[PDB]
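Taking the form deposited in one PDB entry, here's one chain by itself in structure tokens.
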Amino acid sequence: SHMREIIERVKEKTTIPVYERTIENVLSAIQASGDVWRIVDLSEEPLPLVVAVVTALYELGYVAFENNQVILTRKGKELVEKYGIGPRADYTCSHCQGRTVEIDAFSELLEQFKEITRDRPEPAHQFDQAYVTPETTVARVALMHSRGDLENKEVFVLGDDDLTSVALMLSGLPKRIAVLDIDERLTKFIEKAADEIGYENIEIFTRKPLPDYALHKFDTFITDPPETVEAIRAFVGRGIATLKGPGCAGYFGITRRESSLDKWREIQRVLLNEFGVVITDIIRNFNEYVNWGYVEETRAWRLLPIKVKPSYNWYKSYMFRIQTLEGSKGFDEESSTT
């Protein structure tokens, strides 16, 4: 009734699937915060969907924009009370940030990584770039090592915005590392680091039918793909094809910020049915991305009905781990952050 009217207005603004739950996640988020970034964060719906919901609400008189905040009109408060939609709570563990692992034991690694990455290459708009916080990076090392995927393993880093490979060198855990990125700024920076650190067993390389040096040679890959079905499949699929065989691990990040749960379902059928891998871990908001400098240039910025820069790291991704088994094999509308 109330809800129907909203849903059809949202459908006129986006072809991203829209459910009553979409609207409800947004309304729950709005009750807990007026900040558009944190609304996207807390609703766990993709930015362009959130915008189309908040916009529909504002057109149909349930939300107001006021003080650069998204707030419920009196009509919106009748809506949430009528549907029993409470303010979204969050009980994320304040020690691990919900990562499940503590990094107390990697404190000097953290310090070093922080120091060495002070002059890191600034994220480039045309490589869809952004890097995770050094804390995330070190949490990544602690996570991988706790699943037995680092020590004396051969590790392939497919894309390295985050400079995970520099953290891996400083940990001293891998037998060897291979890293690949399109951006020559990164690969030069990594090589300079390796050469000065004296890490010998690292190959750097600056997308199609894998070379000899990659194919079936690694124990573990990490990647953080662009957020499309095709790119997730390409990148994760190529990661899997680097793996020696059964018993090998893959790590990658998938967001709720740019991918809807309908997308997730297609991604999960690729992993399970095209690659025949098993998903061993899916950890909410494991990856915290540092806010990037080219935002005013992005579609997300043009979509926002309130132009305000984010005041915290609103953009996070879930950590996926996969493992290979017998038979495993390797190889949009919801997007806005380019």
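In this text, rigid core is short for the largest set of C-alphas that superpose within 1.5 Å between two forms. Position 1 is the first residue in the sequence shown; the rest follow in order.
Counting the deposited residues that fall between residue 92 and residue 93 and carry no coordinates gives zero.
Averaged over their C-alpha atoms, the temperature factors of 19 to 27 and 317 to 325 are higher for 19 to 27.
The mean Cα B-factor in the deposited entry runs higher for 182 to 190 than for the other of 182 to 190 and 238 to 246. Going by the entry's values, 211 shows the largest Cα B-factor out of 148, 76, 211, 172. If you compare the C-alpha temperature factors of 164, 129, 260, 152 in the entry, 129 comes out highest. Residue 83: CA B factor lies in the highest third for its chain, per the PDB record. In this PDB entry, residue 284 carries a Cα temperature factor that places it within the lowest third of its chain's modelled residues.
Ranked against the other modelled residues of its chain, the C-alpha B-factor of residue 46 as given in the entry falls in the lowest third. Among the modelled residues of its chain, residue 201 has a C-alpha B-factor that falls in the highest third, as given in the PDB entry. Annotation for residue 253: C-alpha temperature factor in the lowest third relative to the rest of the modelled chain, per the entry.
Beyond what is shown, the protein has a form deposited in another entry; the following relates to that form.
Of the residues 160, 219, 258, 128, exactly one exceeds or equals a 2 Å C-alpha shift between the shown form and the other one once the rigid core is aligned, and that residue is 128.
A movement of the C-alpha atom of residue 61 falling short of 2 angstroms is seen between the shown form and the other one when the two forms are aligned on their rigid core. Annotation for residue 304: C-alpha shift of 2 angstroms or more between the shown form and the other one, rigid core superposed. Here residue 293 counts as shifted, since its C-alpha moves by at least 2 Å between the shown form and the other one after the core is aligned. Between residue 120 and residue 293, the Cα spacing is larger in the other entry than in the shown form, differing by no less than 3 Å. In the other entry, the separation between the C-alpha atoms of residue 297 and residue 121 grows by 3 Å or more relative to the displayed form.
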